[PDB]
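Letter by letter, the chains look like this.
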Amino acid sequence: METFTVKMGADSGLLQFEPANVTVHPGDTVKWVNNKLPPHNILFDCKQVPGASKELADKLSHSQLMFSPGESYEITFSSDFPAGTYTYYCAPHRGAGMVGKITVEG
Ligand SMILES: *[C@@H]1CC(=O)N(C)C1=O
Ligand SMILES: [Cu+2]
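Residues numbered from 1 in each chain as written, not as in the entry; some residues may be left out. Chains lettered and ligands numbered in written order. Heavy atoms only, no water.

This entry lists X-ray crystallography as its structure determination method and reports a resolution of 4.200 Å.

**Q** It is not clear to me how the site of ligand 1 should be interpreted in this structure. Could you clarify?
**A** Around ligand 1 sit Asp-45, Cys-46 and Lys-54, and those are all the residues in its vicinity. Calculation on ligand 1 without its partners gives an accessible area of 250 Å², and the protein chains cover 42% of this total. (Near = heavy atom within 4 Å. Areas by Shrake-Rupley, 256 points an atom, 1.4 Å probe, with all protein chains shown as cover.)

**Q** Hey, could you run me through the coordination of the copper ion (ligand 2) in this one?
**A** Looking at the copper ion (ligand 2), the protein donor atoms are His-40 (ND1), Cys-90 (SG), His-93 (ND1) and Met-98 (SD), and they sit 1.9 to 2.4 Å from it. In this structure, the copper ion (ligand 2) is coordinated by 4 donor atoms arranged in tetrahedral fashion, with angles at the metal of 86 to 121 degrees. When the donor residues of the copper ion (ligand 2) are listed from N- to C-terminus, their spacing reads H-x49-C-x2-H-x4-M. Linking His-40 in strand β5 (residues 40-44) with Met-98 in the loop between β8 (84-89) and β9 (99-104), this pair joins segments that are 58 residues apart in sequence. Each member of the pair, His-40 as well as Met-98, carries the same accessibility label: buried. (Donors = N, O, S within 2.8 Å, 3.2 Å for Na, K, Ca; no water. Tetrahedral: all angles 85-135°; square planar, octahedral: opposite > 155°, others 65-115°. Helix = DSSP H or I, 4+ residues; strand = E, 2+ residues; numbered from the N terminus. Buried < 20%, exposed > 50% of the residue type's maximum accessible area, 1.4 Å probe, protein only.)

**Q** Please clarify how the sheet that holds strand β7 (residues 72-76) should be interpreted in this entry.
**A** Strands in a sheet are paired, the pairing made by backbone hydrogen bonds, and the direction either parallel or antiparallel. Pairing within the open sheet is mixed, and its 4 strands lie in the order β2-β1-β4-β7. Each having just a single partner strand, β2 (17-18) and β7 make up the two edges of the open sheet. With 2 bridges joining them, strand β1 (residues 3-8) and β2 adopt antiparallel strand pairing. Bridging from a neighbouring strand, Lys-7 pairs with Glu-18 of β2. (Pairing = 2+ DSSP bridges.)

**Q** Where do I start with the pairing of strand β3 (residues 21-24) in this structure?
**A** Two faces, one strand: in a regular strand the side chains alternate between the faces of the sheet. Burial along β3 is one-sided: the residues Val-22 and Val-24 are buried and none of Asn-21 and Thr-23 is. The pairing of β3 with β9 spans 4 bridges and is classified as parallel. Note on β9: the bridge partner recorded for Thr-23 is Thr-103.

Okay, here's the thing in structure tokens:
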């Protein structure tokens, strides 16, 4: 049971999440922190999550924009969640390919 931290906007000043791709075990915590070049948000698409479950995507996505620095959003992948690859993106910076992927390992 750990806690992974992802910065919304690279310290370099690029429009990415870092680390972009992550690998976690069930029970772990993911914490996005507002870093460089806000505003950001976190969206999963209908058919990017395991099973393409719309309700799932909408349960995880923080559709609301975050503006102040240090502002954070947390998801804990308890046993409740299925395994596979969850793919997410910042909506304002979709064009610039601000994209990340979390894989749930076994
Ligand atoms: C993406 C998946 C879907 O069916 N809708 C309505 C989306 O926004
Ligand atoms: Cu962004």
